[PDB]
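One line per chain: the protein sequences are A and B, in this order.
Counting in the entry's author numbering, the final residue of the first sequence is number 102, and the numbers go up one at a time with none missing.
Counting in the entry's author numbering, the final residue of the second sequence is number 102, and the numbers go up one at a time with none missing.
Idealized CB from N, CA, C, for every residue including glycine.
There are 2 protein chains.
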Amino acid sequence: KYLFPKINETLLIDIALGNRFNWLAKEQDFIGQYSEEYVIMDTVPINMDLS
Amino acid sequence: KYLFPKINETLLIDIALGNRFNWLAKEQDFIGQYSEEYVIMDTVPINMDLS
């Protein structure tokens, strides 16, 4: 009843925590900052009013 | 009315009983007294405003 107690082990519980997305992860190469895209809008055609 | 009564057999029926948790049986070495266990607390990344 006079000894300081003892610790026998620790185990370092760790979990790995995935992403659920990285098939979305494509890789640019760190140059430039502005990127953009664009579309053409629709044009409904018109009747032939020959007058 | 003068003969000793005859036993025929004694059976001793017996079956052993399992554990249903015997795959949890981890075996340590019986040293020390206490055992603690700990994880790392999280730390989210930060934006860096390099000004």
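Residue-level contact to chain B via CB, residue i, 8 Å cutoff
| i | result |
| --- | --- |
| A/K57 | yes |
| A/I64 | yes |
Beta carbon proximity, residue i to chain A, threshold 8 Å
| i | result |
| --- | --- |
| B/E60 | no |
| B/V95 | no |
| B/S86 | yes |
| B/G69 | no |
CB contact flag (residue i, residue j, <8 Å)
| i | j | result |
| --- | --- | --- |
| B/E78 | A/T61 | no |
| B/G83 | A/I58 | yes |
Contacts that residue i makes with chain E (C-beta to C-beta distance below 7 Å)
| i | result |
| --- | --- |
| B/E78 | Note that chain E does not occur in the displayed structure, where the protein chains are A and B. |
Integer-rounded CB distance, given that residue j should sit under 8 Å from residue i
| i | j | result |
| --- | --- | --- |
| B/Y85 | A/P56 | 6 Å |
Candidates the options: closest to residue i by CA position
| i | options | result |
| --- | --- | --- |
| A/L68 | B/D93, B/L101, B/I97 and B/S102 | B/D93 |
| B/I91 | A/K52, A/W74, A/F72 and A/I66 | A/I66 |
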